[PDB]
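Asker: Chains as they are written, first to last, in UniProt numbering: chain P, 2 to 151; chain D, 101 to 145; chain E, 2 to 73; chain W, 2 to 51. My questions all concern the structure below.
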Amino acid sequence: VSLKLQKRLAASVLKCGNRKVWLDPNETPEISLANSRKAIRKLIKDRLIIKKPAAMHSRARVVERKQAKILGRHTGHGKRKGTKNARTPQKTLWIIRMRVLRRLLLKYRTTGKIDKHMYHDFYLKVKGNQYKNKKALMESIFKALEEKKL
Amino acid sequence: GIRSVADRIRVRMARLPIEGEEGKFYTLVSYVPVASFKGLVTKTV
Amino acid sequence: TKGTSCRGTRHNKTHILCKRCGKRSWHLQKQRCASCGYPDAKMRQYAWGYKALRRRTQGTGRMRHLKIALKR
Amino acid sequence: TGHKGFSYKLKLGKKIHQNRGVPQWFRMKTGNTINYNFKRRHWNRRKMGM
RNA sequence: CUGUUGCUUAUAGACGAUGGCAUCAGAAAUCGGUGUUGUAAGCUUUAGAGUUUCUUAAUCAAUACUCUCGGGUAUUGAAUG
RNA sequence: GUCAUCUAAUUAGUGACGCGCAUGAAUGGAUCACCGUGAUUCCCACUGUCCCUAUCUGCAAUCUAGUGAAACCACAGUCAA
RNA sequence: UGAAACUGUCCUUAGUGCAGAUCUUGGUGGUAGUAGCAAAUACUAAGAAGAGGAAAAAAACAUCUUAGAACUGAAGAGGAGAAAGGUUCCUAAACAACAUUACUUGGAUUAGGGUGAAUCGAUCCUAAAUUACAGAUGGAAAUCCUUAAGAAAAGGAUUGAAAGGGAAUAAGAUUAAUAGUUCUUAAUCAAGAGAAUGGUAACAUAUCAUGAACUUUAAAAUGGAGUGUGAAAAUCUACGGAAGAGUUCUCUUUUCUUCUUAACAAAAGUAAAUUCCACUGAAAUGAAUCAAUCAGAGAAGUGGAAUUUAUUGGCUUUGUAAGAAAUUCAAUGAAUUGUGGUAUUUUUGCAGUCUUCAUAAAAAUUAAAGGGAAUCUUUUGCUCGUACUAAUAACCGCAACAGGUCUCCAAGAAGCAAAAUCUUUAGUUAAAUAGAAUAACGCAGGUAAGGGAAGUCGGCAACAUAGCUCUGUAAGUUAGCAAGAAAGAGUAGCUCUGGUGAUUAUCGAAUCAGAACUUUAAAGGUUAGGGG
RNA sequence: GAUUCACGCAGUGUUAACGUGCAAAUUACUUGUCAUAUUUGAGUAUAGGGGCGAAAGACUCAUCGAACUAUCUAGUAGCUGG
């Protein structure tokens with residue numbers, strides 16, 4: 002007897018695909034008598050039909066790869082396949098640095114470390130690509146404050 | 101898989117009478133795992 | 002590709018059933034029946050179509066009310 | 002199609018109704034030559050052009 | 001007598017054919033010989049750049065040393081038994 | 001065509017000559033930078049294209065079980081004069 | 001043999017005698033048990049049913065269950081629709097024919113069953129276009145006109161879209177098959193029935209707080225590119241656990257699975273962006289973005305108002321609502337259902353920038369204004385479509401044809417990449433038959449000593465270069481290019497170091513550079529320019 | 001109306017396969033291309049001495065240097081076969 006109907010009905014009740022349905026092979030005459038969804042549900046409750054667990058997929062291998070690449074283990078020249086701009090976009094580095102440097106000058110103006118005329122002059126210097134990073138701007142501001150008092 | 105099989109396999113075959121008809125017979129080949137095949141000759145279990 | 006391949010896109014009807022003659026000859030874009038000559042009041046008949054005349058004409062149907070009158 | 006007109010569906014239903022065979026009792030009448038319906042068609046054998 | 005058939009038969013072969021043996025038949029493993037590749041897996045040389053942690057105590061560490069001329073394969077169209 | 005040049009060797013290519021069978025100015029004349037699955041010639045590299053063929057795999061082809069067409073067909077099917 | 005009509009003679013009459021016409025129609029041979037039944041990686045074992053794996057290996061055995069091994073690889077051989085098909089859908093009985101073997105299988109035969117809507121669509125509106133009465137034209141059939149010609153239609157007639165516009169429904173369960181349609185629960189919409197305050201102002205008040213003719217305004221209703229960013233989902237990840245499963249002679253406080261929530265409404269807490277309002281008046285010019293851009297017809301500052309952000313009001317939260325659902329345990333009954341992220345993608349908005357000799361629809365329908373004419377409960381919600389495929393078997397190609405045919409949802413690894421390659425959820429293992437042998441000649445994929453195009457019409461075919469980083473780069477030129485010119489060097493594994501931020505030491509981003517040591521000396525498994 | 005890759009598309013070469021084919025034009029690799037002179041669905045408009053054509057006498061339902069269909073029509077043949 003073909004158990005195609007029971008396999009299809011069980012998959013709709015178990016809410017799984019036909020590949021996850023397990024019909025017990027030693028009671029085919031018992032299973033083949035269930036020609037309705039009400040009868041299938043009883044067979045599921047009686048452990049005649051069970052749902053196979055999903056095949057295991059481990060992320061352990063990927064986790065170790067990221068751990069090694071954090072320490073720069075595989076980030077060499079021979080493992081780089083894209084262009085320099087592709088891996089680290091140049092435009093987004095400008096947007097990141099502009100936000101960082103313009104945030105610092107906004108913090109100093111409200112704190113009173115620099116005045117509006119000094120803040121304005123450094124703003125156009127920041128936009129003009131004068132300081133590589135935060136430290137260079139802090140050094141320039143520190144140096145410019147000492148010329149002011151002299 | 102389908103592409104590779106073990107180079108040496110050790111099996112155990114047993115002649116037994118068929119359950120349905122006792123006069124007739126059938127073979128039952130089973131698998132006997134071994135650590136190594138060294139010094140293993142045809143043994144009548 | 003004028004043969005087998007070009008036939009795959011044929012899924013749009015040109016003619017559908019006509020209300021007056023029952024045949025699938027009603028042109029959807031011309032709004033007229035190729036067979037019985039719809040909305041035109043007179044039925045479409047031609048002398049070169051003598052077989053077409055012997056297929057649909059008087060006496061090819063039930064003659065529900067004319068069969069009694071001529072018998073009378 | 003899924004969407005169809007009302008009259009078109011009834012002409013589809015009649016085509017279903019006419020795709021039947023001769024009942025057995027009709028075949029046992031005296032002097033009967035009608036055994037099979039030669040106006041039969043199947044969906045995958047002939048399209049009914051409607 | 002000859003043929004079929006068997007050895008999933010060879011010195012032969014598209015198929016037939018041809019060649020050999022058929023109960024002292026045949027086959028099979030295992031063993032030794034003979035070849036191929038290059039030193040298995042487990043534990044040990046702190047081998048070991050450094051890091052880390054207890055702070056000489058461990059760790060983790062590509063690769064490297066001894067067991068190891070190792071391990072694996074070997075008729076399938078190889079040779080003995 | 002003749003002269004140079006490209007090659008060991010050039011009816012090929014390039015550069016010159018021009019009484020040009022029968023070039024020639026929006027039937028457009030001359031000139032090409034970029035571009036072209038366009039036409040042509042030569043170098044480097046590489047290679048079974050070749051000297052000159054060997055060999056490997058899969059699918060068939062071969063044989064068998066089931067199934068099973070077609071083109072074609074006067075009759076047919078050994079040669080010399 | 002056959003079983004009911006027929007024959008001879010003479011005249012008369014003719015659809016009167018066949019080997020050919022590539023003659024017409026029908027039937028049948030050789031070919032011939034021959035060519036074939038070879039694209040789409042692939043099946044094996046045990047059992048069940050069945051006349052249908054027997055046997056001197058007759059080496060193969062359709063269907064269903066379990067196990068193993070696999071393929072499509074999520075721009076799929078997944079889950080759903082539009083056109084087209086039309087009962088192909090589901091179930092049972094049954095296999096004569098059909099699916100190039102067979103079939104217990106079937107999209108095949110027989111017989112029943114199946115398609116439920118106030119909220120989804122058609123119905124409604126108009127777009128390109130289309131067709132009427134009267135009129136005009138023509139010998140005629142008929143053509144023209146679509147608001148112009150009319151005693152016709154406050155104003156212009158009919159049709160025209162299941163992808164354009166549009167009143168209103170969601171979650172769970174259920175069937176052999178229908179489900180925003182049935183059931184439970186929870187809502188919504190339409191049509192009904194029972195002459196006001198507050199705020200300086202922007203503007204605000206569970207109906208409120210009257211508003212006719214007439215007129216106006218707005219919405220429906222409007223291109224594309226590219227950049228930044230808010231939010232949700234998915235993936236990834238941090239902390240904290242609960243429950244179950246996998247591995248475990250070698251280790252692994254380990255690997256894996258679940259930890260959810262609708263329409264419609266509420267308003268504890270709290271965002272981003274834009275535009276306006278009040279105070280004050282900028283120069284020593286400020287403010288601001290990735291880019292811009294802005295300002296005395298008024299900047300920045302402070303305090304406010306409004307709108308947008310997939311339903312009320314964007315996110316969390318709440319009613320719904322845990323009673324559902326998911327994961328477990330027990331033999332119907334019990335357990336739990338935290339909080340984050342300066343990561344990626346998709347979707348959805350927003351903000352300004354660019355671009356056009358291109359400026360990227362209309363109506364139905366709705367609201368508001370100017371004006372001043374006048375003095376909570378309950379009922380109903382009609383007609384039609386609704387099954388199924390949507391394709392390496394339901395569509396078009398004569399067919400179960402490697403051809404063609406419009407869309408929606410869309411995981412992990414790796415990488416610049418929605419690339420090649422492998423896997424997860426889902427689907428399938430059959431998709432014109434197999435077994436044995438392992439000849440020639442083939443089709444598809446390859447390799448090769450020495451030479452290196454001598455082959456040939458011709459380097460046809462194949463080989464060869466190939467990613468990224470650094471250096472370097474000619475003539476010529478329309479000065480833009482040539483240019484990835486040409487040419488040269490580096491690249492692996494392991495252990496470390498430094499740079500690039502946020503909050504006041506902790507937290508996070510993959511990216512760049514550098515140094516020792518070791519080795520089989522490193523883009524090349526896949527993908528991947530020959531040059532002059 | 002820059003250079004390329006990808007989903008797709010086309011059809012440069014092999015003058016490969018096949019050539020009583022998977023197919024009355026297809027398959028494989030190679031090549032070109034792969035968004036603004038782009039690709040594409042449905043609706044709608046254009047008809048045979050006509051239409052449509054970035055122009056090949058190309059396309060107009062496997063039909064094109066004048067479609068398909070029916071009638072005139074048993075068109076005519078000094079030519080061919082019986």
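Ideal placement from N, C-alpha and C gives every residue a C-beta, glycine not left out.
1. Let me see if you follow: with CB-CB separation under 8 Å, is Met49(W) close to chain E or not?
2. At the 8 Å Cβ level, is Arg25(E) part of the contact set with chain W, yes or no?
3. Please list the residues of the region 4 to 21 of chain E that have a C-beta atom closer than 8 Å to any C-beta atom in chain W, keeping them in chain order.
4. Taking one C-beta from the region 17 to 32 of chain P and one from the region 2 to 9 of chain P each time, how about it: are there three or more such pairs within less than 8 Å?
5. For the alpha helix (DSSP H) containing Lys52(P), list its first residue and its last residue.
6. Mind checking residue 93(E): buried by the 16 CB within 10 Å criterion, or exposed?
7. Please name the residue in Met49(W), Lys40(W), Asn33(W) and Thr34(W) whose C-alpha comes closest to that of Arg21(W).
8. Just the C-alpha distance for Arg100(P) and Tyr124(P), rounded to the nearest angstrom, thanks.
9. For a test of the three-state rule: what should DSSP assign to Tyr37(W), helix, strand or coil?
10. Extract the residue ranges of the beta strand (DSSP E) inside the UniProt domain "Large ribosomal subunit protein eL19" (3 to 146) of chain P, only unbroken runs of 3 or more that lie entirely within it.
11. Terminal residues of the continuous beta strand (DSSP E) containing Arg73(E)?
12. Between which two residues does the alpha helix (DSSP H) harbouring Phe125(D) extend?
13. With respect to the alpha helix (DSSP H) encompassing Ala48(E), which residues constitute its N-terminal and C-terminal limits?
14. Compare the Cα-Cα distances from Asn38(W) to each of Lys12(W), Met51(W), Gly32(W) and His18(W) and report the closest residue.
15. In terms of DSSP beta bridges, what is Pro117(D) paired with?
16. So, helix, strand or coil for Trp27(E), using DSSP?
17. Less than 6 Å between C-beta atoms, sequence neighbours within five positions excluded: which residues of the same chain meet that for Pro117(D)?
18. Decide if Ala11(P) is buried, meaning its Cβ has at least 16 other Cβ atoms within 10 Å, or exposed.
19. If you draw a straight line from the alpha carbon of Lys10(W) to that of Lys52(P), how long is it in whole angstroms?
20. Are three or more beta carbon pairs between the region 26 to 38 of chain P and the region 62 to 77 of chain P nearer than 8 Å?
21. So, under 8 Å CB-CB, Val141(D) and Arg110(D) are touching, yes? Tell me the CB distance rounded to an integer number of Å.
22. Span of the alpha helix (DSSP H) holding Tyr9(W)?
23. Measure the C-alpha to C-alpha separation of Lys128(P) and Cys17(P) and round it to an integer number of angstroms.
24. Does the region 64 to 79 of chain P come close enough to the region 31 to 51 of chain P to have 3 or more Cβ pairs within less than 8 Å?
25. Using only the alpha-carbon positions, how far apart do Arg21(E) and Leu29(E) sit?
26. State the DSSP-derived secondary structure class of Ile17(E), mapped to helix, strand or coil.
27. For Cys22(E), which of helix, strand or coil comes out of DSSP?
Answerer: Concretely, from the data shown:
1. For the purposes of this step, residue 49(W) is taken as residue 48 along the fourth sequence, with counting starting at 1. No, no contact with chain E.
2. In the third sequence, the residue the question calls residue 25(E) occupies position 24. Yes, contact with chain W.
3. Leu18
4. Note that the region 17 to 32 of chain P touches the region 2 to 9 of chain P; at least 3 beta-carbon pairs, one per stretch, sit closer than 8 Å.
5. Position 51 of the first sequence, counted from the start, is the residue given in the question as residue 52(P). Element bounds for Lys52(P): not the alpha helix (DSSP H) but the beta strand (DSSP E), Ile50 to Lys52.
6. Since the first and last residues shown for chain E are 2 and 73, residue 93(E) lies out of range.
7. Translated into the one-based positions of the fourth sequence, residue 21(W) becomes position 20. Among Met49(W), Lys40(W), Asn33(W) and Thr34(W), the Cα nearest to that of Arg21(W) is on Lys40(W).
8. Taking the first residue of the first sequence as position 1, residue 100(P) is located at position 99. Taking the first residue of the first sequence as position 1, residue 124(P) is located at position 123. So the two alpha carbons sit approximately 12 Å from each other.
9. For the purposes of this step, residue 37(W) is taken as residue 36 along the fourth sequence, with counting starting at 1. Coil at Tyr37(W), not helix or strand.
10. Runs of beta strand (DSSP E) with 3 or more residues, each lying fully within the UniProt domain "Large ribosomal subunit protein eL19" (3 to 146) of chain P, are found at 22 to 24 and 50 to 52, listed in chain order.
11. Indexing the third sequence from 1 puts residue 73(E) at position 72. Note, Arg73(E): premise wrong, no beta strand (DSSP E); not H, not E.
12. Taking the second sequence and counting its residues from 1, the one referred to as residue 125(D) is at position 25. No alpha helix (DSSP H) holds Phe125(D); the beta strand (DSSP E) holding it covers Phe125 to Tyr131.
13. Within the third sequence, residue 48(E) is the residue found at index 47, counting from 1. Element bounds for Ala48(E): n/a, residue is neither H nor E.
14. Residue 38(W) sits at position 37 when you count from the first residue of the fourth sequence. Cα-wise, what sits closest to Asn38(W) is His18(W).
15. Sequence index remark: in the second sequence, residue 117(D) carries index 17 (1-based). Its beta-bridge partners are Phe125(D).
16. Mapped onto the third sequence, residue 27(E) falls at position 26. Three-state result, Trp27(E): strand.
17. In the second sequence, residue 117(D) corresponds to position 17, counting from 1. Taken in chain order, the residues that qualify are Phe125.
18. By 1-based counting over the first sequence, the position of residue 11(P) is 10. Classification for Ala11(P): buried.
19. For the purposes of this step, residue 10(W) is identified with residue 9 of the fourth sequence, where counting begins at 1. For the purposes of this step, residue 52(P) is identified with residue 51 of the first sequence, where counting begins at 1. Those two C-alpha atoms are separated by around 43 Å.
20. Not touching, per the Cβ criterion.
21. Taking the first residue of the second sequence as 1, we reach residue 141(D) at position 41. Taking the first residue of the second sequence as 1, we reach residue 110(D) at position 10. Rounded, the Cβ-Cβ distance is 11 Å, inconsistent with contact.
22. The residue you call residue 9(W) lines up with position 8 of the fourth sequence. First-last of the alpha helix (DSSP H) with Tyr9(W): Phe7 to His18.
23. Locating residue 128(P) in the first sequence gives position 127, counting from the first residue. Locating residue 17(P) in the first sequence gives position 16, counting from the first residue. Each residue's alpha carbon lies about 59 Å from the other.
24. no
25. By one-based count along the third sequence, residue 21(E) stands at place 20. By one-based count along the third sequence, residue 29(E) stands at place 28. Answer to the nearest angstrom: the Cα atoms are 15 Å apart.
26. Within the third sequence, numbered from 1, the residue matching residue 17(E) stands at position 16. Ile17(E) falls in the strand class under three-state DSSP.
27. Indexing the third sequence from 1 puts residue 22(E) at position 21. Coil at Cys22(E), not helix or strand.
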